[PDB]
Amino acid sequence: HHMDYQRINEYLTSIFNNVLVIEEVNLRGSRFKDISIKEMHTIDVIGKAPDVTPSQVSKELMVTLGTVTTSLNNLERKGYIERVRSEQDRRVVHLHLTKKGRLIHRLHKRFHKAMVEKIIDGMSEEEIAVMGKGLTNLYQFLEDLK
């Protein structure tokens, strides 16, 4: 039997209203207290893709380049990232995480890992495989709606 729509709606509403606040609260209680969840997203892009450029971070985060530049200025000032001028094209900037950046990037991954482990709690390996297919299908449905 399907879940009641009322319960579905209730769960989705809690999740969408609170998930970014809960993630921010977890970072603010960490040993690094000067990084917001939005800055953590910028850190995340750079950590996964060393030498990425501001333009690529912009496309990946779906905000304008001015917005990315401001965030990078705060993050460089606070010691989490370094900007490096390209030697091929002198218009281009390559970004990479400082050691401090790598440390907090790791910490944000433990959170994501705890979340996925709770998501699959009680599921068998075949249910997990089905859940994987469910997510790609839900993802694909939403992609086609924009």
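Residue indices: 1-based, along the sequence shown.
Averaged over CA atoms, B-factors in the entry run higher in 82-90 than in the other of 82-90 and 41-49.
When 26-34 is weighed against 61-69, 61-69 comes out higher, by mean CA B-factor as recorded in the entry. For residue 114, the recorded CA B-factor ranks within the lowest third of the chain. Only modelled residues enter the ranking. Per-chain ranking of the deposited C-alpha B factor places residue 21 in the lowest third. Among the modelled residues of the chain, residue 130 sits in the highest third by CA temperature factor in this PDB entry. Residue 97: CA B factor in the middle third of modelled residues in this chain (values from the PDB entry). In the PDB entry, a CA B factor belonging to the highest third of its chain's modelled residues is recorded for residue 107.
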